[PDB]
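There is one chain below, alone, in C-alpha coordinates, taken in the form deposited in one PDB entry.
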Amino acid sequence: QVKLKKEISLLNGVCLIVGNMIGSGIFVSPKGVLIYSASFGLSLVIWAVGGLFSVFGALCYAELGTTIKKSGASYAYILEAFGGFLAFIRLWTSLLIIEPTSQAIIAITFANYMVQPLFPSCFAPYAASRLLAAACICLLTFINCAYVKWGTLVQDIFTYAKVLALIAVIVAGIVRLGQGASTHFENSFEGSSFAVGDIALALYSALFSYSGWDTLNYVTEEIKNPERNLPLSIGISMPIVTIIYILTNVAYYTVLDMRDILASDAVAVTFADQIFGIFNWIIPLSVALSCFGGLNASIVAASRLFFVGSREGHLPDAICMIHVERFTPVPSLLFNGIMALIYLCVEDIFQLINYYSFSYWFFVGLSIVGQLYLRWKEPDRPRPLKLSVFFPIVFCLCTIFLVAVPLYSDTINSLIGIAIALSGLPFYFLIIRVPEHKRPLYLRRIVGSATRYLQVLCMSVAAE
(Lines give C-alpha, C1' and ligand atoms only; values in the text may rest on other atoms or scores of the structure.)
Protein backbone atom coordinates (compact mmCIF):
# COMPACT_ATOMS: atom_id res chain seq x y z
CA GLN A 1 0.00 0.00 0.00
CA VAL A 2 1.41 3.36 -1.09
CA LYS A 3 1.06 5.43 2.08
CA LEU A 4 3.53 7.56 4.00
CA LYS A 5 4.85 4.81 6.34
CA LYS A 6 5.12 6.07 9.95
CA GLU A 7 8.80 5.67 10.95
CA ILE A 8 9.76 8.26 13.61
CA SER A 9 10.70 7.15 17.12
CA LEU A 10 10.93 9.10 20.38
CA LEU A 11 14.64 9.83 19.91
CA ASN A 12 14.04 11.07 16.35
CA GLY A 13 11.39 13.49 17.60
CA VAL A 14 13.59 14.75 20.43
CA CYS A 15 16.45 15.27 17.97
CA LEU A 16 14.13 17.07 15.53
CA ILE A 17 12.84 19.54 18.13
CA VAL A 18 16.29 20.13 19.68
CA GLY A 19 18.00 20.47 16.29
CA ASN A 20 15.45 23.01 15.13
CA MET A 21 15.35 25.01 18.38
CA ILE A 22 19.11 25.30 18.94
CA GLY A 23 20.57 27.12 15.96
CA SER A 24 22.85 30.07 15.26
CA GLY A 25 21.03 32.33 17.73
CA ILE A 26 22.71 30.87 20.82
CA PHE A 27 26.07 31.03 19.01
CA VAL A 28 26.36 34.25 17.01
CA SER A 29 23.99 36.65 18.79
CA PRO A 30 22.69 36.27 22.38
CA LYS A 31 23.10 40.05 22.53
CA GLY A 32 19.57 41.47 22.51
CA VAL A 33 18.77 40.41 26.08
CA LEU A 34 22.02 41.95 27.32
CA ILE A 35 21.71 45.20 25.34
CA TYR A 36 18.12 45.77 26.51
CA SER A 37 18.75 44.41 30.02
CA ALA A 38 22.13 46.09 30.81
CA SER A 39 22.97 43.55 33.54
CA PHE A 40 23.99 39.92 33.88
CA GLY A 41 21.49 38.72 36.48
CA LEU A 42 18.51 40.41 34.86
CA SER A 43 19.57 38.85 31.54
CA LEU A 44 19.55 35.39 33.13
CA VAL A 45 16.13 36.17 34.64
CA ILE A 46 14.78 37.16 31.20
CA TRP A 47 16.22 33.96 29.67
CA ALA A 48 14.47 31.79 32.28
CA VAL A 49 11.17 33.67 31.87
CA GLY A 50 11.29 33.26 28.09
CA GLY A 51 11.90 29.54 28.55
CA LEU A 52 8.85 29.28 30.82
CA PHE A 53 6.65 31.16 28.35
CA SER A 54 7.78 28.85 25.55
CA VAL A 55 6.99 25.77 27.67
CA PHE A 56 3.47 27.20 28.03
CA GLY A 57 3.03 27.18 24.24
CA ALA A 58 4.71 23.84 23.65
CA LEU A 59 2.15 22.23 25.98
CA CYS A 60 -0.70 23.77 23.96
CA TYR A 61 0.69 22.32 20.75
CA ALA A 62 1.14 18.94 22.47
CA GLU A 63 -2.58 18.98 23.26
CA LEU A 64 -3.51 20.16 19.75
CA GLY A 65 -1.34 17.49 18.13
CA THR A 66 -2.85 14.71 20.19
CA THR A 67 -6.38 16.03 19.65
CA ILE A 68 -6.54 16.72 15.91
CA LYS A 69 -3.75 14.28 14.87
CA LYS A 70 -3.12 15.58 11.35
CA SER A 71 0.11 16.96 9.92
CA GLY A 72 0.53 20.65 9.11
CA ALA A 73 0.92 22.07 12.64
CA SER A 74 -1.16 25.21 12.30
CA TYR A 75 -2.63 24.68 8.85
CA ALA A 76 -4.55 21.59 9.98
CA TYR A 77 -5.63 23.26 13.22
CA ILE A 78 -6.94 26.42 11.53
CA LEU A 79 -8.68 24.11 9.03
CA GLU A 80 -10.33 22.28 11.91
CA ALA A 81 -11.34 25.53 13.63
CA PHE A 82 -12.02 28.25 11.01
CA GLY A 83 -11.44 26.23 7.85
CA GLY A 84 -10.85 27.32 4.28
CA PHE A 85 -9.94 30.99 4.05
CA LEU A 86 -7.46 31.54 6.90
CA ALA A 87 -5.76 28.18 6.35
CA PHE A 88 -5.15 29.12 2.72
CA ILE A 89 -3.75 32.50 3.80
CA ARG A 90 -1.32 30.76 6.19
CA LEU A 91 -0.30 28.21 3.54
CA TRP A 92 0.18 30.98 0.97
CA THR A 93 2.39 33.13 3.17
CA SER A 94 4.54 30.18 4.24
CA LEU A 95 4.90 29.14 0.61
CA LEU A 96 5.74 32.66 -0.45
CA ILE A 97 7.91 34.43 2.14
CA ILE A 98 8.44 32.43 5.33
CA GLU A 99 10.13 29.11 4.54
CA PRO A 100 12.32 29.87 1.44
CA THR A 101 13.85 32.91 3.15
CA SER A 102 14.55 31.08 6.42
CA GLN A 103 16.04 28.06 4.62
CA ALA A 104 18.23 30.27 2.41
CA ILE A 105 19.39 32.27 5.45
CA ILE A 106 20.32 29.11 7.38
CA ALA A 107 22.26 27.82 4.34
CA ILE A 108 24.07 31.16 3.96
CA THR A 109 25.13 31.18 7.63
CA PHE A 110 26.38 27.59 7.26
CA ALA A 111 28.48 28.65 4.27
CA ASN A 112 29.73 31.76 6.08
CA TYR A 113 30.92 29.83 9.12
CA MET A 114 32.50 27.01 7.13
CA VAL A 115 35.09 29.43 5.70
CA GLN A 116 35.61 31.58 8.81
CA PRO A 117 39.00 30.13 9.99
CA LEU A 118 40.34 30.91 6.51
CA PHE A 119 38.95 34.47 6.68
CA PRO A 120 39.15 35.48 10.38
CA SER A 121 38.55 39.25 10.11
CA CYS A 122 38.56 39.48 6.37
CA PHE A 123 35.11 40.03 4.76
CA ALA A 124 34.86 36.56 3.09
CA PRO A 125 33.97 36.42 -0.64
CA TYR A 126 30.34 36.78 -1.64
CA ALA A 127 29.98 34.34 -4.54
CA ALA A 128 31.69 31.50 -2.67
CA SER A 129 29.02 31.48 0.04
CA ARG A 130 26.04 31.33 -2.32
CA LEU A 131 27.53 28.34 -4.14
CA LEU A 132 28.15 26.45 -0.89
CA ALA A 133 24.62 27.32 0.25
CA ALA A 134 23.17 25.97 -3.01
CA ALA A 135 25.24 22.79 -2.69
CA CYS A 136 24.05 22.34 0.91
CA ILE A 137 20.38 22.79 -0.08
CA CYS A 138 20.66 20.36 -3.01
CA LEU A 139 22.46 17.73 -0.92
CA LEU A 140 19.88 17.78 1.88
CA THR A 141 17.06 17.70 -0.69
CA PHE A 142 18.60 14.58 -2.26
CA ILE A 143 19.09 12.92 1.14
CA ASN A 144 15.48 13.49 2.14
CA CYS A 145 14.25 12.37 -1.30
CA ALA A 146 16.12 9.07 -0.99
CA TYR A 147 14.80 7.72 2.32
CA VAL A 148 13.18 9.04 5.49
CA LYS A 149 15.58 7.09 7.73
CA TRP A 150 18.53 8.87 6.11
CA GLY A 151 17.09 12.24 7.10
CA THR A 152 16.40 11.09 10.65
CA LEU A 153 19.96 9.72 10.89
CA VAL A 154 21.40 13.05 9.67
CA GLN A 155 19.25 14.85 12.26
CA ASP A 156 20.52 12.55 15.04
CA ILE A 157 24.21 12.97 14.12
CA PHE A 158 24.20 16.74 13.83
CA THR A 159 22.05 17.21 16.95
CA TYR A 160 24.62 15.16 18.90
CA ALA A 161 27.39 17.31 17.39
CA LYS A 162 25.86 20.65 18.40
CA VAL A 163 24.97 19.39 21.90
CA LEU A 164 28.55 18.18 22.45
CA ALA A 165 29.93 21.56 21.36
CA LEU A 166 27.61 23.46 23.71
CA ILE A 167 28.50 21.04 26.53
CA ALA A 168 32.19 21.81 25.90
CA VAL A 169 31.51 25.57 26.13
CA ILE A 170 29.45 25.09 29.33
CA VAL A 171 32.12 22.89 30.97
CA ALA A 172 34.90 25.39 30.15
CA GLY A 173 32.84 28.22 31.64
CA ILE A 174 31.97 26.23 34.77
CA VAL A 175 35.57 25.18 35.41
CA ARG A 176 36.79 28.77 34.96
CA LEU A 177 34.00 30.04 37.25
CA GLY A 178 34.53 27.57 40.08
CA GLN A 179 38.30 27.40 39.57
CA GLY A 180 39.62 30.77 40.65
CA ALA A 181 37.82 33.92 39.45
CA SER A 182 33.97 34.09 39.93
CA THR A 183 34.49 37.81 39.36
CA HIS A 184 31.55 39.12 37.32
CA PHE A 185 28.97 37.39 39.56
CA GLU A 186 29.57 39.40 42.73
CA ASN A 187 27.79 42.72 42.08
CA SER A 188 24.99 41.72 39.74
CA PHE A 189 21.74 43.69 39.22
CA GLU A 190 23.77 46.92 39.14
CA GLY A 191 22.99 49.29 36.30
CA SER A 192 19.83 47.32 35.52
CA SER A 193 17.18 48.88 33.29
CA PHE A 194 13.89 48.32 35.13
CA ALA A 195 11.76 50.06 32.49
CA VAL A 196 8.80 48.68 30.58
CA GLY A 197 10.23 49.40 27.12
CA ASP A 198 13.52 47.66 27.95
CA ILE A 199 12.22 44.58 29.78
CA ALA A 200 9.63 44.11 27.01
CA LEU A 201 12.28 44.24 24.27
CA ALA A 202 14.58 41.90 26.21
CA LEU A 203 11.70 39.44 26.63
CA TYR A 204 10.95 39.76 22.90
CA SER A 205 14.56 38.96 22.01
CA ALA A 206 14.72 36.05 24.47
CA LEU A 207 11.42 34.67 23.21
CA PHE A 208 12.54 34.76 19.57
CA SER A 209 15.49 32.56 20.58
CA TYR A 210 13.26 29.72 21.81
CA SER A 211 11.42 29.59 18.47
CA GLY A 212 10.97 26.24 16.78
CA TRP A 213 9.24 24.07 19.39
CA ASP A 214 6.50 23.10 16.89
CA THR A 215 8.59 21.07 14.44
CA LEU A 216 7.24 17.64 15.42
CA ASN A 217 3.66 18.82 14.89
CA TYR A 218 4.34 19.04 11.14
CA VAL A 219 5.08 15.30 10.89
CA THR A 220 2.38 13.95 13.22
CA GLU A 221 1.20 11.27 10.77
CA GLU A 222 4.70 9.69 10.74
CA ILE A 223 5.18 9.13 14.49
CA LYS A 224 4.77 5.60 15.91
CA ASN A 225 2.55 6.29 18.94
CA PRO A 226 1.44 9.91 18.44
CA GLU A 227 -0.71 9.84 21.59
CA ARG A 228 2.46 8.99 23.56
CA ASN A 229 5.57 9.98 21.61
CA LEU A 230 4.57 13.56 20.77
CA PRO A 231 3.96 15.03 24.29
CA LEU A 232 6.73 12.90 25.80
CA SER A 233 9.26 14.22 23.28
CA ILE A 234 8.06 17.81 23.77
CA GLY A 235 8.38 17.44 27.55
CA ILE A 236 11.82 15.90 27.17
CA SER A 237 13.15 18.51 24.74
CA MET A 238 11.91 21.66 26.54
CA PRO A 239 14.06 21.65 29.76
CA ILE A 240 17.15 20.50 27.84
CA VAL A 241 17.03 23.61 25.64
CA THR A 242 16.19 25.85 28.62
CA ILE A 243 19.08 24.54 30.76
CA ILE A 244 21.50 24.74 27.81
CA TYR A 245 20.46 28.33 27.03
CA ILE A 246 20.92 29.43 30.65
CA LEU A 247 24.28 27.69 31.17
CA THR A 248 25.75 28.91 27.87
CA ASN A 249 25.05 32.51 28.87
CA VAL A 250 26.55 31.90 32.32
CA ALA A 251 29.67 30.56 30.56
CA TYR A 252 29.67 33.62 28.27
CA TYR A 253 29.48 36.04 31.19
CA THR A 254 32.16 34.26 33.23
CA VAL A 255 34.92 34.61 30.62
CA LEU A 256 33.97 37.82 28.80
CA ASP A 257 32.99 41.16 30.28
CA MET A 258 30.16 43.29 28.93
CA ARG A 259 32.08 45.57 26.57
CA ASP A 260 33.54 42.93 24.26
CA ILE A 261 30.29 40.95 24.28
CA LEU A 262 28.33 44.00 23.11
CA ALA A 263 30.92 44.83 20.40
CA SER A 264 31.46 41.46 18.71
CA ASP A 265 30.06 39.92 15.55
CA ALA A 266 29.73 36.48 17.15
CA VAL A 267 30.00 35.87 20.89
CA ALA A 268 31.05 32.22 20.64
CA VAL A 269 33.92 33.08 18.28
CA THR A 270 35.23 35.68 20.75
CA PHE A 271 34.80 33.12 23.55
CA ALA A 272 36.81 30.54 21.59
CA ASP A 273 39.53 33.06 20.74
CA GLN A 274 39.87 34.06 24.38
CA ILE A 275 39.69 30.70 26.21
CA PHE A 276 40.99 28.21 23.59
CA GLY A 277 44.55 28.97 22.55
CA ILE A 278 44.75 26.60 19.64
CA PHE A 279 41.68 24.66 18.42
CA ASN A 280 39.66 27.88 18.29
CA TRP A 281 38.31 26.84 14.86
CA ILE A 282 36.30 24.09 16.60
CA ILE A 283 33.57 26.59 17.53
CA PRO A 284 33.00 28.05 13.99
CA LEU A 285 33.02 24.48 12.66
CA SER A 286 30.40 23.65 15.30
CA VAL A 287 28.30 26.66 14.25
CA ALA A 288 28.40 25.34 10.68
CA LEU A 289 27.32 21.88 11.87
CA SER A 290 24.48 23.45 13.88
CA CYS A 291 23.17 25.26 10.79
CA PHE A 292 23.46 22.01 8.81
CA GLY A 293 21.35 20.34 11.48
CA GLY A 294 18.71 23.07 11.39
CA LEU A 295 18.32 23.12 7.59
CA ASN A 296 17.36 19.41 7.48
CA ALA A 297 14.53 19.87 10.00
CA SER A 298 13.29 22.96 8.14
CA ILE A 299 13.26 21.01 4.85
CA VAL A 300 11.31 18.08 6.33
CA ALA A 301 8.71 20.33 7.99
CA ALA A 302 8.17 22.49 4.89
CA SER A 303 7.79 19.44 2.63
CA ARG A 304 5.21 17.83 4.91
CA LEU A 305 3.28 21.11 5.19
CA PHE A 306 3.10 21.46 1.39
CA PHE A 307 2.11 17.78 1.15
CA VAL A 308 -0.87 18.30 3.46
CA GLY A 309 -1.84 21.54 1.72
CA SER A 310 -1.84 19.69 -1.59
CA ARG A 311 -3.96 16.89 -0.12
CA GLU A 312 -6.55 19.33 1.25
CA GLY A 313 -7.55 20.79 -2.16
CA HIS A 314 -5.16 23.73 -2.40
CA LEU A 315 -1.74 23.55 -4.14
CA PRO A 316 -2.31 21.30 -7.25
CA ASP A 317 -2.35 17.54 -6.61
CA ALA A 318 1.11 16.65 -8.06
CA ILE A 319 2.53 17.75 -4.68
CA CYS A 320 0.48 15.04 -2.91
CA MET A 321 2.12 12.14 -4.79
CA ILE A 322 4.26 9.49 -3.04
CA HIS A 323 7.10 7.42 -4.54
CA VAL A 324 6.01 3.86 -5.30
CA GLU A 325 8.94 2.31 -3.47
CA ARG A 326 11.10 4.33 -1.00
CA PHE A 327 7.93 5.98 0.24
CA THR A 328 9.01 9.63 0.21
CA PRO A 329 7.15 12.78 -0.96
CA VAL A 330 9.53 13.58 -3.82
CA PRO A 331 7.78 16.44 -5.79
CA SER A 332 6.99 18.34 -2.57
CA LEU A 333 10.68 18.24 -1.59
CA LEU A 334 11.62 19.26 -5.14
CA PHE A 335 9.26 22.26 -5.04
CA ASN A 336 10.63 23.32 -1.63
CA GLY A 337 14.24 23.08 -2.83
CA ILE A 338 13.45 25.01 -6.02
CA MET A 339 11.89 27.86 -4.02
CA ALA A 340 14.86 28.00 -1.62
CA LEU A 341 17.34 28.06 -4.53
CA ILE A 342 15.32 30.88 -6.12
CA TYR A 343 15.44 32.92 -2.91
CA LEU A 344 19.22 32.41 -2.72
CA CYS A 345 19.58 34.65 -5.80
CA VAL A 346 18.38 37.79 -3.99
CA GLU A 347 21.14 39.83 -2.38
CA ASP A 348 20.29 41.25 1.08
CA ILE A 349 17.62 38.76 2.08
CA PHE A 350 18.27 39.56 5.75
CA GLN A 351 15.89 42.48 5.22
CA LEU A 352 13.18 39.94 4.35
CA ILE A 353 12.83 38.63 7.92
CA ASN A 354 11.29 42.00 8.83
CA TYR A 355 8.26 41.16 6.67
CA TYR A 356 7.09 38.02 8.51
CA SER A 357 7.88 39.14 12.05
CA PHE A 358 4.16 39.87 12.48
CA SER A 359 2.67 36.94 10.57
CA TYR A 360 4.37 33.96 12.26
CA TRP A 361 3.22 34.72 15.80
CA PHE A 362 -0.16 35.80 14.40
CA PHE A 363 -0.75 32.32 13.02
CA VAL A 364 0.58 30.65 16.19
CA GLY A 365 -1.88 32.72 18.24
CA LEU A 366 -4.65 31.99 15.74
CA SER A 367 -4.09 28.26 16.26
CA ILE A 368 -4.23 28.80 20.04
CA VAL A 369 -7.56 30.64 19.83
CA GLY A 370 -8.75 27.89 17.50
CA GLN A 371 -7.91 25.39 20.23
CA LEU A 372 -9.93 27.49 22.69
CA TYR A 373 -12.88 27.75 20.29
CA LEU A 374 -12.83 23.99 19.71
CA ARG A 375 -12.74 23.48 23.48
CA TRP A 376 -15.93 25.53 23.75
CA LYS A 377 -17.79 24.30 20.67
CA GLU A 378 -16.99 20.56 20.58
CA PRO A 379 -16.43 19.37 24.17
CA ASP A 380 -17.04 15.69 23.34
CA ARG A 381 -14.17 15.08 20.93
CA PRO A 382 -11.83 12.25 21.97
CA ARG A 383 -8.93 13.98 23.70
CA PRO A 384 -6.22 11.54 24.86
CA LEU A 385 -4.86 14.29 27.08
CA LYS A 386 -6.48 17.62 27.88
CA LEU A 387 -4.84 20.26 30.03
CA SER A 388 -6.30 23.20 31.91
CA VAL A 389 -7.46 26.31 30.06
CA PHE A 390 -4.82 28.30 31.94
CA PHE A 391 -2.08 27.57 29.39
CA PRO A 392 -3.99 28.57 26.19
CA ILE A 393 -5.17 31.81 27.83
CA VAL A 394 -1.71 32.84 29.02
CA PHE A 395 -0.18 31.91 25.67
CA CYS A 396 -2.92 33.89 23.89
CA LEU A 397 -1.90 36.93 25.94
CA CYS A 398 1.76 36.16 25.19
CA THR A 399 1.08 36.03 21.44
CA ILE A 400 -0.90 39.29 21.61
CA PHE A 401 2.20 40.82 23.24
CA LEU A 402 4.33 39.16 20.55
CA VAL A 403 2.32 40.73 17.72
CA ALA A 404 1.88 44.14 19.37
CA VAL A 405 5.65 44.85 19.25
CA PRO A 406 6.06 44.76 15.41
CA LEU A 407 2.85 46.78 14.97
CA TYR A 408 3.83 49.76 17.13
CA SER A 409 7.52 49.90 16.24
CA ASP A 410 8.57 48.80 12.72
CA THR A 411 5.06 49.44 11.43
CA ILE A 412 5.71 49.84 7.69
CA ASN A 413 7.17 46.35 7.23
CA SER A 414 4.24 44.69 9.01
CA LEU A 415 1.72 46.20 6.58
CA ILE A 416 3.92 45.00 3.70
CA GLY A 417 3.80 41.54 5.26
CA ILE A 418 0.00 41.70 5.56
CA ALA A 419 -0.15 42.70 1.88
CA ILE A 420 2.11 39.75 0.99
CA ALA A 421 -0.12 37.39 3.00
CA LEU A 422 -3.25 38.78 1.33
CA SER A 423 -1.72 38.59 -2.17
CA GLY A 424 -3.14 35.03 -2.73
CA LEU A 425 -6.82 35.94 -2.62
CA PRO A 426 -7.20 36.06 -6.45
CA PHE A 427 -6.24 32.37 -6.37
CA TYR A 428 -8.73 31.45 -3.64
CA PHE A 429 -11.89 32.98 -5.12
CA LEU A 430 -11.25 32.25 -8.81
CA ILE A 431 -9.78 28.72 -8.74
CA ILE A 432 -10.17 27.04 -5.35
CA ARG A 433 -13.64 28.27 -4.37
CA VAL A 434 -15.14 27.44 -7.78
CA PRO A 435 -15.60 23.65 -8.15
CA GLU A 436 -14.35 21.53 -11.00
CA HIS A 437 -16.32 21.01 -14.25
CA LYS A 438 -16.67 24.83 -14.17
CA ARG A 439 -12.99 25.82 -14.34
CA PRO A 440 -11.56 26.50 -17.83
CA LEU A 441 -10.83 23.28 -19.70
CA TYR A 442 -7.60 24.52 -21.30
CA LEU A 443 -6.14 25.05 -17.83
CA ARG A 444 -7.27 21.62 -16.61
CA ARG A 445 -5.85 19.77 -19.61
CA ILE A 446 -2.49 21.55 -19.23
CA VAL A 447 -2.27 20.84 -15.49
CA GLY A 448 -3.22 17.20 -16.09
CA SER A 449 -0.57 16.72 -18.78
CA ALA A 450 2.11 18.35 -16.62
CA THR A 451 1.05 16.20 -13.65
CA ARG A 452 1.24 13.03 -15.76
CA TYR A 453 4.72 13.89 -17.07
CA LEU A 454 5.98 14.78 -13.57
CA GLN A 455 4.41 11.54 -12.33
CA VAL A 456 6.30 9.47 -14.90
CA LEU A 457 9.56 11.32 -14.13
CA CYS A 458 9.34 11.13 -10.33
CA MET A 459 7.69 7.63 -10.25
CA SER A 460 5.09 8.88 -7.78
CA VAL A 461 1.41 8.05 -7.34
CA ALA A 462 -1.17 9.48 -4.98
CA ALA A 463 -1.88 7.66 -1.74
CA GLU A 464 -4.05 4.54 -1.81
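Shifts are known only where both forms have a C-alpha. Residue numbers run from 1 along the displayed sequence. Each form is matched to the other, and the largest set of C-alpha atoms that superpose within 1.5 Å is called the rigid core.
There is also a form deposited in another entry; it is not shown, and the following applies to it.
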{"property": "Option from 187, 193, 351, 211 moving between the shown form and the other one, CA shift at or above 2 Å, rigid core reference", "result": "187"}
{"property": "Rigid core superposition, residue 24 Cα moves 2 angstroms or more between the shown form and the other one", "result": "no"}
{"property": "Core-superposed comparison between the shown form and the other one, residue 447 Cα displacement 2 Å or beyond", "result": "yes"}
{"property": "Cα-Cα shift for residue 190 and residue 246, closer or farther in the other form, minimum 3 Å", "result": "closer"}
{"property": "Direction of the Cα shift between residue 144 and residue 449 in the other form, where the change is 3 Å or more", "result": "closer"}
{"property": "Moved residue ranges in sequence order between the shown form and the other one, Cα 2 Å or more, at least 3 long, core fit", "result": "186-191, 441-458"}
